[PDB]
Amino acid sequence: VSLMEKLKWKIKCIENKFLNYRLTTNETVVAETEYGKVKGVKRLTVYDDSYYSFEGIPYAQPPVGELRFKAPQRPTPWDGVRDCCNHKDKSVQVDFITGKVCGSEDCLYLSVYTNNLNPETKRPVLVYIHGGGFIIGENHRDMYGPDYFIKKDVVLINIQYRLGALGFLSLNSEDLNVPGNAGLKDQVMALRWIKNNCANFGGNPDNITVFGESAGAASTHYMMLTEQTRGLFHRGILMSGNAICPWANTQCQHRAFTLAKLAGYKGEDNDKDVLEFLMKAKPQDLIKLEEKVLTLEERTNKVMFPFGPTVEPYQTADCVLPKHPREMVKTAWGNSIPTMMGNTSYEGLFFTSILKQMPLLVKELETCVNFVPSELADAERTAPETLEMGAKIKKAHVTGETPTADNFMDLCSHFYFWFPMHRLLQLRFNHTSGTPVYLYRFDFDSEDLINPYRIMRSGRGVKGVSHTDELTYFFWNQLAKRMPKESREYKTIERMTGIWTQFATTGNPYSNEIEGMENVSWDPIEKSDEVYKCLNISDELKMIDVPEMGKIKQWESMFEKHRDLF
């Protein structure tokens, strides 16, 4: 990330600290939790609203020392008042602006926000799980401010969970009790705390909506799949992702050794000796070295991250993923709660930044073999069958004689997001009670209001609606400003936060109290449907046939002779 954006960020960081101070009040409040009393503070927003803020609430034991890499444990109770007027630190991770490691191993906290601590009826409880490829992210308000949401009468909760190797290291040896998915198990324990405590903040524990974006969407889906959380919440919103996306799980049991070796480990490849090195190593050193773990073979086959959600190699008491995600959909309790899913209109436009450092990647579309789903392609991607599947991908996205950068980002829309959505819907239909799933497509493009991911994807002065562009209309961030109430940006904030709160309350996302939804008839998808219908959210709200459908079906055709793998 460029020096200019570095300094620009530094200045906004300084600005945001002073704004946070100014927007704080002297009105402190004490709430009960099952672990003891917590002191919150009231804060202001730039739209002159106010909300009660409880930050730094622990839902787990700090996972340091002997707890590193292991499943979370319930926290120790206290008798007194815990100060929850300030944010805790984020999971150890690489800062995408600076490039330096930041955060702490003491990161297992959640935040609770609400405009009214003593409501006259118990309110819908919304739980946000942040994305960031399972390697970055936070529940800090300089990125995920509840300011827009607290206009509505809900209780909003933003959690943290362990990222990267510290969250998702996985070892085969059953004796060492590091099966993997510690970060997902963090998420589970946070949910159990929310189930059992949200009533003290005016939340209705029988009406809980979990939602997330990207890795947060995959997480939300994982929380809908595991037996660990059965009945814990009642609605889910999968924003631009799910658990059968190709980036959303990996078999990383060998990569522990690689990481130890990178960090100075001397000795042999056996799990015990590897684990002991990794347990004494500096958290920052391990996280700094994660970038280098993936081999060139793996990157070529589009493995995105070294460590992440995995099929655990043996079953433990706190086990979250005992089989591959596709196998888990077939027995998922989550299939039978109301669900909303959706994508932006140009998801892959995200990859522009990566495309600029690696022009050669566009030549991959010449045969498209590297984008054939892994389970179908052969090792070297050279089998005649593989070239044939590659060809169906190429016919679907390459528009001219020679492939373009837009052809590439278009393919990425489908490789990373739309095709996995299509596979999940169909698979889910075969194993569900028949609760509704609603589709949206977020199609609203603005450069007047932005979020920090635009800095990462080099999205300055770029048209079209990329992955993460929609977060801007759900959460306050330190790059935001106050928008006039007549502005198309403000209206979208209203529509977006309104639909989500509407879905959270009733399990049905439609309301005629939302501006623009007058002639909207938003039906759930049926298994009988050959064509998906979605609400397309632009300046106007319009029900349309999913535009990506024809390409979606092309991808499906690659499974013609392998319908069992679909």
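One-based numbering along the sequence shown.
Here 449 to 457 and 415 to 423 are compared by their mean Cα B-factor, and 449 to 457 comes out higher. Taking only CA atoms, the mean B-factor in the PDB entry is higher for 267 to 275 than for the other of 267 to 275 and 237 to 245. Sorting 347, 494, 142, 364 by the CA temperature factor given in the entry leaves 364 at the top. Of the residues listed, 226, 86, 310, 220, the entry assigns the biggest Cα temperature factor to 86. Among the modelled residues of its chain, residue 253 has a C-alpha B-factor that falls in the middle third according to the deposited record.
In the deposited entry, the Cα temperature factor of residue 169 places it in the lowest third of its chain's modelled residues. Residue 545 sits in the middle third of its chain by CA B factor, as recorded in the PDB entry. Per the PDB record, residue ranking by Cα B-factor puts residue 401 in the highest third of the chain. Residue 352: CA B factor in the highest third of modelled residues in this chain (values from the PDB entry).
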